[PDB]
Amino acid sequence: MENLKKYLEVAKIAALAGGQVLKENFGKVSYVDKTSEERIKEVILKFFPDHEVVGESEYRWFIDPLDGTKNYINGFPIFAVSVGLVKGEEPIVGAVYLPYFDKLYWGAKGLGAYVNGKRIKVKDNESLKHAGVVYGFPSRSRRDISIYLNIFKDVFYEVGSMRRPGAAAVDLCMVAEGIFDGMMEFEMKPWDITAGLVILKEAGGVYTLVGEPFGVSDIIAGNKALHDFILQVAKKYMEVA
């Protein structure tokens, strides 16, 4: 933690470096996915050769060169680059950049959560009918779809509104910014969420990780209210330990 602030500024530059690849290529197009990754990898390693990078010790950078690929290929502006860092098992730094909006979300353990310099935080709201929730799950799941459909139906009925933007890292950043009350994505990878979670926690959010935090996981995050409720419902059709 002696160079936490140096890790942060490096995470931010890495996200921007790969975010520029997404920027220059938007609307023109998978070579982008690899070019963004190389750039991110280059920045991290030149600064910290010894660290390990994961995607696709005591310092593991979990990166997502392009979160929201399908949206990116179709032209839907909800996509980003995610750059998270974890010491041992503890996630300590997060950087998520939204190229199309030129919005850079970031945060470090105990240092706060920000978006382009402005401090952010999850919103205050108990009321479920006044709440907004984003969600997401795969098309060819490892788990039966019906389960996800049943969980959806239950929250959908109590919540004020639900949205499926198509990019976990962004969903995580909008919850941390106080736009959406909570989220719930299933069958996630560490690089999909690591950076976003750090930011969410620093913005004062709560979250339950189901499964191996660095393997395949499920995530239920948001303010106190939605987290407990999405979690309650989430365990009627599946198991949590």
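From 1 onward, residues are counted along the sequence shown.
Enquirer: Gap size between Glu56 and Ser57, counting deposited residues with no coordinates: none, 1 to 3, 4 to 9, or 10 or more?
Expert: Some 4 to 9 residues are missing between them.
Enquirer: How many residues sit between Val29 and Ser30 in the deposited sequence but have no coordinates: none, 1 to 3, 4 to 9, or 10 or more?
Expert: The entry has a long gap there, with 10 or more residues left out between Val29 and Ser30.
Enquirer: Averaging CA B factors per stretch from the PDB record, which one is higher: 4-12 or 232-240?
Expert: Looking at the record's C-alpha B-factors, the answer is 232-240.
Enquirer: May I ask you to compare 81-89 and 96-104 by their mean CA B factor in the entry and name the higher one?
Expert: Per the PDB entry, the higher value belongs to 81-89.
Enquirer: Whose C-alpha has the highest temperature factor in the PDB entry: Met174, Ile44, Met183, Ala195?
Expert: Max CA B-factor in the entry, restricted to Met174, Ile44, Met183, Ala195: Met183.
Enquirer: Using the entry's values, work out which of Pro65, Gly178, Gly68, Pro213 has the largest Cα B factor.
Expert: When the deposited C-alpha B-factors of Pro65, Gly178, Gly68, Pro213 are compared, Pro213 is largest.
Enquirer: What third of its chain, lowest, middle or highest, does the C-alpha temperature factor of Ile151 fall into?
Expert: Its C-alpha B-factor, which the entry lists for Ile151, ranks in the middle third among residues of this chain.
Enquirer: Mind checking which third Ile199 falls in for C-alpha B-factor across the chain?
Expert: Answer is middle: the recorded C-alpha B-factor places it there.
Enquirer: Ranked by Cα temperature factor within the chain, is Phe76 in the lowest third, the middle third or the highest third?
Expert: As the PDB entry reports it, the C-alpha B-factor of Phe76 lands in the lowest third of its chain.
Enquirer: Would you mind ranking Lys23 by its C-alpha B-factor against the rest of the chain and naming the third, lowest, middle or highest?
Expert: Lowest third.
Enquirer: In terms of the CA temperature factor given in the entry, to which third of its chain does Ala169 belong: lowest, middle or highest?
Expert: Lowest third - that is where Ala169 ends up once the chain's C-alpha B-factors are sorted.
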